[PDB]
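Inspection log for the structure reproduced underneath, given as structure tokens.
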Amino acid sequence: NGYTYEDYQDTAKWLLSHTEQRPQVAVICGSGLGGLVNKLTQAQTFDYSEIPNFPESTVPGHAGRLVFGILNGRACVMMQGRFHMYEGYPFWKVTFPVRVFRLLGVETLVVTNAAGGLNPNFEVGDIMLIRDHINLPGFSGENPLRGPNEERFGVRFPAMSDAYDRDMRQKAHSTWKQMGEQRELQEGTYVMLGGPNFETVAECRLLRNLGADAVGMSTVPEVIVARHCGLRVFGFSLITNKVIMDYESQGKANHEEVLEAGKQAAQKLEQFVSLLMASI
Ligand SMILES: O=c1[nH]cnc2c([C@@H]3N[C@H](CO)[C@@H](O)[C@H]3O)c[nH]c12
Ligand SMILES: [Mg+2]
């Protein structure tokens, strides 16, 4: 790390004193998913740049704003845009907001992201509930929890086998049924790698063989820090593109189309998330 416990406190107290909102839920909006803040009522926005100690969103499709508001009668705070290791941020910076949210009184964290589909049965536009994850950078020691442990947040060796709340994923499926959607709510394992380049065909095949259903360059570190500090976690990936799996294909992954997919699914995702508020 690099932040002191007081640093998180300072930031939390700053927010608590600049808004009347008191969120119980925090939502992290991934690439092209900033539209999830659109239906919040009594909304109050803070650019990340005005919040002490907050990193900056430099990726297109990430507004870089913290939006407090009410969603379906639930007080929430949304990260309209997030941070990634490939931007040059160590995980202790990428996940700074998560601990701030805990110090604000938040109890649940909803993580979302745009991801490449590895499961051949996935189609662009699909919503995949994250049932589990594979932390590749963690295998190497790249972890937000690396270094002295802050007992005021959590224990030295947190368990991750139950990271994605079982109860919330049951409600997610029940709720999806109420939406009367054409496609079924997908569910699977999200694997995180560093980026920023998109994967090669050989890497794609290997990742699928590891048992991964979707691939991305975010989320996992946020989930680890969330669980460490006691937050209930729920999340999903919007399958924005199908990773190229063969050498005969003329396709090629690109951020522009990833952002387009997010816009086309934004509406359906908003309703789903809003409906879910009632479940929390
Ligand atoms: O096929 C993919 N591989 C790796 N990342 C992504 C993404 C996510 N969106 C960004 C790039 O489109 C980046 O932050 C990554 O986490 C979408 N599709 C893919
Ligand atoms: Mg206001």
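Read the numbers this way: they start at 1 and go in the same order the structure lists the ligands and their atoms. By convention here, the first residue in the shown sequence is residue 1.
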Sorted by first residue and then second, give each salt bridge (charged side-chain N to carboxylate O under 4.0 Å, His left out) pair with at least one member in residues 117-130; sequence neighbours left out.
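As it turns out, the salt bridge (charged side-chain N to carboxylate O under 4.0 Å, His left out) pairs with a partner in residues 117-130, which skip direct neighbours, are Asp126-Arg183.
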Nearest-contact summary for [atom] - protein heavy atom, Å:
atom                    : result
atom 8 (C) of ligand 1  : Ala114 O, 3.2 Å
atom 14 (O) of ligand 1 : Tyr86 OH, 2.8 Å
atom 1 (O) of ligand 1  : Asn241 ND2, 3.1 Å
atom 11 (C) of ligand 1 : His255 ND1, 3.3 Å

Between the side chains of [Y] and [X], is the shortest nitrogen-to-carboxylate-oxygen separation below 4.0 Å, so that they form an ion pair?
X      : Y      : answer
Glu222 : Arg82  : yes
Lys39  : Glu270 : no
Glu6   : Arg152 : yes

Counting each atom of ligand 1 from 1 as listed, which ones have a heavy atom of [X] under 4.0 Å away?
X      : result
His84  : 14 (O)
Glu199 : 1 (O), 2 (C), 3 (N), 4 (C)
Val243 : 1 (O)
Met217 : 4 (C), 5 (N), 13 (C), 15 (C), 16 (O)

Residue portion contacting ligand 1 (non-hydrogen atoms closer than 4.0 Å) for [X]:
X      : result
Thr240 : side chain
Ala115 : backbone
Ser31  : side chain

Measure from atom 19 (C) of ligand 1 to every heavy atom in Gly30, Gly116, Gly194 and give the option owning the shortest one.
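Checking each option, the heavy atom nearest atom 19 (C) of ligand 1 is found in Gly116.
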Please list all pairs meeting ring pair (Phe, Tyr, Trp, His ring centres under 6.0 Å) that have one or both residues in residues 13-36, counting only residues at least two apart or in different chains.
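Counting only pairs at least two positions apart or across chains, the ring pair (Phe, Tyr, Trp, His ring centres under 6.0 Å) contacts touching residues 13-36 are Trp14-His18, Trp14-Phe46.
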With a 4.5 Å cut-off on side-chain heavy atoms, are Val100 and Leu15 touching?
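Yes, their side chains come closer than 4.5 Å.
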Would you say that more than 12 heavy atoms from the other residues, nucleotides or ligands in this model lie under 6.0 Å from the NZ of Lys13, or not?
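Open.
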For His133 together with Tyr164, are the ring centres under 6.0 Å from each other?
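They qualify: ring centres under 6.0 Å apart.
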